[PDB]
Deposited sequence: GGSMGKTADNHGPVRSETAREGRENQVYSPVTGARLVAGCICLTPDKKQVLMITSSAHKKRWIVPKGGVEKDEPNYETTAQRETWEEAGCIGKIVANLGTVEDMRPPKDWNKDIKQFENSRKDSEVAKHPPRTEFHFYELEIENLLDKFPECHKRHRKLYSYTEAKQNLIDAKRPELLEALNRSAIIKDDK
């Protein structure tokens, strides 16, 4: 619709955040809208108007998790290497991830009724993304400044 794709791989361009607490013991996570039981991290599709990936990230973090913070690091890109449904390979999604230091969480936000939202230690957060079958999101988490204990 209004989405943007890599001119090389034709993959859909996404940006998101690893929203860490100030102490950096916990990371904010949200539930998928399609898969209502899977815990992921805030991200969404880049739109034409958006000048940089930081814009898409901070927007998507707000819309999806009602989270406000400053980007303290670029974590680089990870790919969603998901084989096409008629599989029985070019990547599906390129994600541009930033580390964000949480300044505030709001009780209202545009998908406050469509998603849940919780802070998880590195351990619980690792298992959640295993359960979710999203290792490219775990790769991003690992590039963060999160404490591993």
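Which parts of the deposited sequence lack C-alpha coordinates in this model? Number from residue 1, please. Residues missing from the model, as numbered along the full deposited sequence, span 1-23, 112-128, 190-191.
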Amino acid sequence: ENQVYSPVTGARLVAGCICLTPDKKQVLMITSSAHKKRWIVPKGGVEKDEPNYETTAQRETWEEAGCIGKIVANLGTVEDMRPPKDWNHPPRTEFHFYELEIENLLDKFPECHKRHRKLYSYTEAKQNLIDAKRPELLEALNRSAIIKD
From here on, numbers count along this sequence of modelled residues.
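Comparing 107-115 with 51-59, the one whose average Cα B-factor in the PDB entry is higher: According to the entry, 107-115 carries the higher average C-alpha B-factor.
Mean temperature factor over C-alpha atoms, higher-scoring stretch between 90-98 and 77-85: Here the higher of the two C-alpha B-factor means belongs to 77-85.
Consider only the C-alpha atoms of the modelled residues in this chain, order them by B-factor as the entry records it, and name the third containing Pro22: lowest, middle or highest. It falls in the top third of the chain.
Going by the recorded CA B-factors, say which third of the chain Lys43 sits in, lowest, middle or highest. For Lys43, whose C-alpha B-factor we compare with every modelled residue in the chain, the answer is the lowest third.
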